[PDB]
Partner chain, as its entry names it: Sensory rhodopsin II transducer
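First, one chain by itself: the form deposited without its partner chain, in structure tokens.
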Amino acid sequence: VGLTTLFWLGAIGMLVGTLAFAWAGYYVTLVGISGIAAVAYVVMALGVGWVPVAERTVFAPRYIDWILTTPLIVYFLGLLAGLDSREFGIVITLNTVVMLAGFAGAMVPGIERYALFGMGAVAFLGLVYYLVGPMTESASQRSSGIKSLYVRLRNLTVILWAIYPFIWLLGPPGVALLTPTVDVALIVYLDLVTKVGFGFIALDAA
């Protein structure tokens, strides 16, 4: 099982999700979430964007993907919760800090990269606070079914997103403990669940 095989698997999974969401069509956002990831995985499957950094290999399309798709996931959750256009700005700003810090830390060869990782971790804790607190208060004002859908997507999001920084740190970008193949396999699984699984839970409730 090679890296390219794993990338193709993620590509296929994102494509199936993309077509499913487009057919059922919120729906436009889900198409963007999995559609963008599909492209990133194909590019990586073709061997494009594999950037050598010191002694590790960094996958640049992954971070462009995350920077564009994760704010769309937060946007989807913000619509469910009924956020005013100002609350959107805070959470999307916090999200972008996490994503940019990870992208920069991955691309820096020296230990300064752990300083960038730490900053993303701090901003992530602030993002979790807004999901579990203010956004949950806001979602409470909606129908019982909308509130229930928000809570289920929120917990899926919070629990799984919290695993990514550990995979990053244990993988090549960090202490380089986990091997690239295992690290990639774990992230392909998480990407598929936080995007396509996310989407199908929304379809089921609709």
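Numbering follows the first chain given and starts at 1.
From this point on, the text means the form solved in complex with its partner chain, which you will not see here.
Participant: Using heavy atoms and a 4.5 Å limit, would one call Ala185 a contact residue for its partner chain in the deposited bound form?
Facilitator: Contact check for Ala185: yes, within 4.5 Å of its partner chain in the deposited bound form.
Participant: Taking any heavy atom pair closer than or equal to 4.5 Å as contact, tell me whether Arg152 reaches its partner chain in the deposited bound form.
Facilitator: Within the cut-off, so yes.
Participant: Taking 4.5 angstroms as the cut-off for heavy atoms, does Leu178 touch its partner chain in the deposited bound form?
Facilitator: So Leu178 counts as contacting its partner chain.
Participant: Indicate whether its partner chain has at least one heavy atom within 4.5 Å of a heavy atom of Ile159 in the deposited bound form.
Facilitator: Although its partner chain is absent here, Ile159 would touch it in the deposited bound form, with heavy atoms inside 4.5 Å.
Participant: Given its partner chain in the deposited bound form, answer whether the residues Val39, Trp66 and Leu68 all have a heavy atom inside 4.5 Å of it.
Facilitator: Zero of three within 4.5 Å in the deposited bound form.
Participant: From the list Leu170, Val28, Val48, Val53, which entry has a heavy atom within 4.5 Å of its partner chain in the deposited bound form?
Facilitator: Residue within 4.5 Å of the partner: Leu170.
Participant: Taking 4.5 angstroms as the heavy atom distance cut-off, pick the stretch from 58-66, 138-146, 30-38, 161-169 that is near its partner chain in the deposited bound form.
Facilitator: Looking at the other structure, the answer is 161-169.
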